[PDB]
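Chains as they are written, first to last, in the authors' numbering: chain A, 5 to 409; chain A', 5 to 409. A prime marks a further copy of an entry chain.
Idealized CB from N, CA, C, for every residue including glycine.
Number of protein chains: 2
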Amino acid sequence: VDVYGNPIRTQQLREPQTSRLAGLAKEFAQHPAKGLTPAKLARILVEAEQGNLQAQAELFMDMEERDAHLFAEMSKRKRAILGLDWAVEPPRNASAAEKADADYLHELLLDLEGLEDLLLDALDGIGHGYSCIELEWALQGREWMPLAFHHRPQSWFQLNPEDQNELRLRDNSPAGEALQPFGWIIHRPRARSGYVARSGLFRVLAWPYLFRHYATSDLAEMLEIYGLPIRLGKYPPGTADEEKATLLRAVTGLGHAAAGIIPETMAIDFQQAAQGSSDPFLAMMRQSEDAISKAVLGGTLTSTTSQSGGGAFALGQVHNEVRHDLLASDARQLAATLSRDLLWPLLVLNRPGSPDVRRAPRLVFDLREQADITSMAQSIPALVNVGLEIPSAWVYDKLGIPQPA
Amino acid sequence: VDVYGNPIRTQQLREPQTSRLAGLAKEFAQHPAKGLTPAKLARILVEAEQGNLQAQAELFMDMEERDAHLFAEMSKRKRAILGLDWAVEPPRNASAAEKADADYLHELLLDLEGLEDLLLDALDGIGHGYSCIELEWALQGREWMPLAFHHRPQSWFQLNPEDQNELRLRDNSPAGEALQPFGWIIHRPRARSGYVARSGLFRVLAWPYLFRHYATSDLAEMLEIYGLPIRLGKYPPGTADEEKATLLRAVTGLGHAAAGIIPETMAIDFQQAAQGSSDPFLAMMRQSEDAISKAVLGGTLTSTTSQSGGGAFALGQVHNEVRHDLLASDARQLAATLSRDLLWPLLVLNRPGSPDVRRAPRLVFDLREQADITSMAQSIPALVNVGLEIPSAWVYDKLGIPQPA
Numbered sequence: 005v006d007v008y009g010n011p012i013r014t015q016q017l018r019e020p021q022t023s024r025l026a027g028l029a030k031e032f033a034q035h036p037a038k039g040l041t042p043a044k045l046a047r048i049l050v051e052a053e054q055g056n057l058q059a060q061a062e063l064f065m066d067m068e069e070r071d072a073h074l075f076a077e078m079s080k081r082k083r084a085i086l087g088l089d090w091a092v093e094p095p096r097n098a099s100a101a102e103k104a105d106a107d108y109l110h111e112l113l114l115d116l117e118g119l120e121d122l123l124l125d126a127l128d129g130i131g132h133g134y135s136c137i138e139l140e141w142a143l144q145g146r147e148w149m150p151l152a153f154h155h156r157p158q159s160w161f162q163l164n165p166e167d168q169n170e171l172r173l174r175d176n177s178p179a180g181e182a183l184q185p186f187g188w189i190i191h192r193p194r195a196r197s198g199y200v201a202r203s204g205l206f207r208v209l210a211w212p213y214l215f216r217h218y219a220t221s222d223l224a225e226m227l228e229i230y231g232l233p234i235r236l237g238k239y240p241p242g243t244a245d246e247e248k249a250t251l252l253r254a255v256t257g258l259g260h261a262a263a264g265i266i267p268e269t270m271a272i273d274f275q276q277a278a279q280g281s282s283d284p285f286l287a288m289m290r291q292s293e294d295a296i297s298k299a300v301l302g303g304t305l306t307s308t309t310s311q312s313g314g315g316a317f318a319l320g321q322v323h324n325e326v327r328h329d330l331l332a333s334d335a336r337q338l339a340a341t342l343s344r345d346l347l348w349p350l351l352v353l354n355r356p357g358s359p360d361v362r363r364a365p366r367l368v369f370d371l372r373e374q375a376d377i378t379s380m381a382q383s384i385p386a387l388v389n390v391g392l393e394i395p396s397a398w399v400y401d402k403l404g405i406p407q408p409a
Numbered sequence: 005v006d007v008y009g010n011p012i013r014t015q016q017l018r019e020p021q022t023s024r025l026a027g028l029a030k031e032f033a034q035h036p037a038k039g040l041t042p043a044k045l046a047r048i049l050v051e052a053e054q055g056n057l058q059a060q061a062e063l064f065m066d067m068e069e070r071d072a073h074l075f076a077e078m079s080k081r082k083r084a085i086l087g088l089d090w091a092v093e094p095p096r097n098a099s100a101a102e103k104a105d106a107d108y109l110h111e112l113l114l115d116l117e118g119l120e121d122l123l124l125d126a127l128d129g130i131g132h133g134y135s136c137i138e139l140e141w142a143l144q145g146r147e148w149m150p151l152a153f154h155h156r157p158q159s160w161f162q163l164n165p166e167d168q169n170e171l172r173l174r175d176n177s178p179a180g181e182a183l184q185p186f187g188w189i190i191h192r193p194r195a196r197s198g199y200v201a202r203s204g205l206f207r208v209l210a211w212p213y214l215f216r217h218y219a220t221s222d223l224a225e226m227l228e229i230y231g232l233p234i235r236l237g238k239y240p241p242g243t244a245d246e247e248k249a250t251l252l253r254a255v256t257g258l259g260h261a262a263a264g265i266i267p268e269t270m271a272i273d274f275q276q277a278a279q280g281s282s283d284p285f286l287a288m289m290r291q292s293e294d295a296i297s298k299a300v301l302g303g304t305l306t307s308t309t310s311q312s313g314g315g316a317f318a319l320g321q322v323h324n325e326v327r328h329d330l331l332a333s334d335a336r337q338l339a340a341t342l343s344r345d346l347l348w349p350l351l352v353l354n355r356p357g358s359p360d361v362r363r364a365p366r367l368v369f370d371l372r373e374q375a376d377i378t379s380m381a382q383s384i385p386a387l388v389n390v391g392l393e394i395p396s397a398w399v400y401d402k403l404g405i406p407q408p409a
């Protein structure tokens, strides 16, 4: 069975759950970001709270695509995880059989192509609040294998009417369809405590995005109007339609044309077009960008930048507060999700027996922080000459150097 | 067969797939960037989402050509990869036969001309979202060889109506044509999770490009109008057409001409031409350029520049955060694509047997970061005098010095 105890039947693993839903694969995103107003955004969020996640997912995708600063921040945050070395470790004080199981799982993950793509797809749940990856199960003789990992759009799911924390497929029915066991890797990182609909970071970031969009569009319009002044022509009674058209064309082309002549009975008045500055717009854009930076990566390095300054402890100063905390949180949550969803089916299908769930191997990301070799290498000799018996295992582990074999 | 399991037939390798499509080679780009408005750009993107990639590809090419800042950023990013040393390594704990296969593949890649051009062509997928390179297969006796690598424009492909993630050639039919196995090296880097149409970076960068283009054009127009003032001449009733023309020419040339005389019954009024500054335009250009820099290369070194400051750890400070992450991501994705597309056909055609796919050799890029030799050389003697047995293999690998032979 799975970790949650639901019965597992190997018959349903031959075909993906969504195969019998050919309607989903033919859908196109509705792009709800175009022509978006604060009222529309509020309605979208409220409806999403009630189980209509399609519009929210499409809006989040548009928001990711249309904002360069937000996209850069999210990409940097995800690439931070994608570059971490990982390993599979056996449970606490594991036995020989458990160690062998962990070693086999580690070897299987090493030789499993598409792991990086799986991690990238799973990390989308950081912003979207939940990411679902469908599994393709195949048999190369007697051992089950994940053939491929398919990322399904968040717009394909909904909320259970009887449960606000349980996701279901959109199968044209009011209650949707329950997710098949062992058929998905659902990643639901928890930045804030609440239901799944409210758990996305883009829900926090939506309003600054709209503020920045409005400011940028208004600035573009004002830059378009800038330049020549608006000038209005006046004509006396008894001016025919042809003369009216001639005066109109003359006024229209007068800005580009340096000189022109009109009868003394006519008049042209040059009125202010748009006089001001870009200061308000740019102030709003900077405020929104700082808010986005703080919300995504913390207000110590991105928005209120940590500035330059090297040194042996500079790495620690830059990392440990804020950056290390965020990195560790994301890595630990991703590792927990993976150990729950991918490691367990492999252990319970590819190996004999029914090992207890509490003793399953856990995937661990390498969060080791580079320690100053020079300072500590200076420090050891004094301590050892004093008489302290420092274990070599601690040194080898903390320095990153492996133990002799 | 290929990695995806599709049957492979050596009969079709004698001729390129596109040879029977002589119509494609005679096409010319439509240049959709000229006369581009936000509505046109939105329509282009939406249509591309639906499988019309021709217009999107041509727009991306124009965008690359017409923006100097964006072009410089993309060229720098790609040249970063092009300068990395690479090697082919055998699988985990490989056997003698596998080691020989890996060595032969490494020798073949070393002596294969046009590798750098292949890497450059593949890296175009970073911005375009997908790059297709056609292969020319030839037999120098008993061993198949890639005669040349041909990069085909992204405008030559489309989306499968029944699948939004599968590309097909444009053969005048609604469904296009499936890509021949072993006939292409398709590189599809994944910056964001989604379909192939939405996966390009230029899709994110399009809007800042349009903002900058509008600002620059408006500034150029305003600089053209700047200088002399617009001056309007007025004439009384009873002024004949010849006198009207004389007054018009006098007004037209009055700005260049320092002095002129008119009857007291006439009048010339000098009105403001264009009074303001370049501040709004330049502010918009700077905002767009900063957005492009952040989106392409990260907001730590390019847009918000890291500034000067040397030191032993300066290399790490500049690289590890942002620059190292991006370099490693791009290099790993390119290596995976190459190992999938080019290494496998060579292994399965140029050598006997049917080696298992999981044990295929993998191309690896040298991502080793220069480590401070002096500090660490100071550090070792203390540790070794303490009693730690540090392996020499770790030292030789990390320093870049090769092991004695």
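*Length at least 4, wholly inside the region 195 to 277 of chain A: the alpha helix (DSSP H) runs in chain order*: 205 to 229 and 245 to 258
_Against chain A', with Cβ distances strictly below 9 Å, would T309(A) count as a contact?_
Using beta-carbon distances, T309(A) counts as an interface residue toward chain A', with a partner under 9 Å.
*Can you give the Cα-Cα distance for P385(A') and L305(A'), rounded to whole angstroms?*
36 Å
*Provide the residue span of the beta strand (DSSP E) that contains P42(A'), from first to last.*
Note, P42(A'): premise wrong, no beta strand (DSSP E); alpha helix (DSSP H) at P42 to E53.
*Under the criterion of a Cβ to heavy atom distance below 8 Å, does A179(A) qualify as lining the ligand HEM?*
Among the components of this structure there are no ligands whatsoever, and the ligand HEM is therefore not found.
_With 16 other Cβ atoms within 10 Å as the buried cut-off, status of residue 3(A')_ = The structure shown does not extend to residue 3(A'), since chain A' is modelled only from 5 to 409, so the question has no answer here.
*In chain A', which residues lie less than 7 Å from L232(A) when you measure between Cβ atoms?*
Those within 7 Å of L232(A) in chain A' are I229 and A278.
*For the region 68 to 96 of chain A, which segments carrying the alpha helix (DSSP H) assignment without a break, of at least 4 residues, lie completely within its bounds, in sequence order?*
72 to 86
_Rounded to the nearest angstrom, what separates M149(A) and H191(A) at their Cα positions?_
About 21 Å.
*Just tell me which of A262(A), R216(A) and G198(A) has its CA closest to the CA of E228(A').*
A262(A)
_Assuming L114(A) is part of the alpha helix (DSSP H), what are its boundary residues?_
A100 to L114
*Are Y213(A') and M67(A') touching if we call contact CB-CB under 9 Å?*
yes
_Does any residue of chain A' have a CB that is nearer than 9 Å to the CB of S79(A)?_
Interface annotation, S79(A): in contact with chain A', CB-CB separation under 9 Å.
*So, do the region 264 to 277 of chain A and the region 233 to 251 of chain A' have three or more beta carbon pairs nearer to each other than 8 Å?*
yes
*Neighbour-count burial assignment, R253(A'), 16 or more Cβ in a 10 Å radius*: Per the 10 Å Cβ criterion, exposed.
_Do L123(A') and residue 410(A') have their beta-carbon atoms positioned less than 9 Å apart in this structure?_
Because residue 410(A') is not part of the residues shown, which for chain A' are 5 to 409, the question remains open.
*From what residue to what residue does the alpha helix (DSSP H) around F161(A') run?*
Where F161(A') is concerned, there is no enclosing alpha helix (DSSP H), although the beta strand (DSSP E) it sits in stretches over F161 to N164.
*Using the DSSP secondary-structure output, state which residues sit across from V368(A') in a beta bridge.*
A91(A')
*Candidates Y218(A'), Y134(A') and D245(A'): which alpha carbon is nearest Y199(A')'s?*
When only C-alpha atoms are compared, the closest one is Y134(A').
*For the region 153 to 168 of chain A, which residues have a CB atom closer than 7 Å to at least one CB atom of chain A', in sequence order?*
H155
_9 Å is my cut-off, CB to CB: does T256(A') come that close to chain A?_
Look at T256(A'): its C-beta is under 9 Å from a C-beta on chain A.
*In whole angstroms, what separates the C-alpha of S396(A') from that of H110(A')?*
26 Å
*Among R146(A), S159(A) and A43(A), the one whose alpha carbon lies nearest that of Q58(A)*: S159(A)
*Kindly indicate the opening and closing residues of the beta strand (DSSP E) around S135(A).*
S135 to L143
*Does any C-beta atom of chain A' lie closer than 9 Å to the C-beta of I296(A)?*
no
*Hey, does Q60(A) have any beta-carbon neighbour from chain A' nearer than 9 Å?*
Not closer than 9 Å to any Cβ of chain A', the Cβ of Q60(A) fails to qualify, so no.
_Buried/exposed call for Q144(A), threshold 16 Cβ in 10 Å_ = exposed
_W188(A) versus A76(A), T22(A) and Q15(A), residue with shortest Cα-Cα distance_ = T22(A)
*Report the neighbours of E68(A) on chain A': residues whose CB is nearer than 8 Å to its CB, in chain order.*
Result: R196.
*Express the C-alpha separation of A72(A') and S79(A') in angstroms, rounding to a whole number.*
10 Å
_C-beta atoms of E53(A') and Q34(A') nearer than 9 Å_ = no
_Residue from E31(A), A76(A) and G87(A) with nearest C-alpha to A335(A)_ = That would be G87(A), whose Cα lies nearest to the Cα of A335(A).
*Can you give the beta carbon distance from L350(A) to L17(A), rounded, assuming they're within the 8 Å contact cut?*
That belief does not hold up - the Cβ atoms of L350(A) and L17(A) are roughly 13 Å apart, past 8 Å.
*asked:* Are the CB atoms of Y108(A) and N354(A) within a distance shorter than 9 Å?
replied: yes
_Selection of the region 318 to 330 of chain A' by Cβ proximity to chain A, strictly under 8 Å_ = Of all residues in the region 318 to 330 of chain A', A318, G320, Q321, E325, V326, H328, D329 and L330 have a Cβ within less than 8 Å of some Cβ in chain A.
*asked:* Just verifying my parser: in three-state terms, what is the DSSP assignment at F317(A')?
replied: coil
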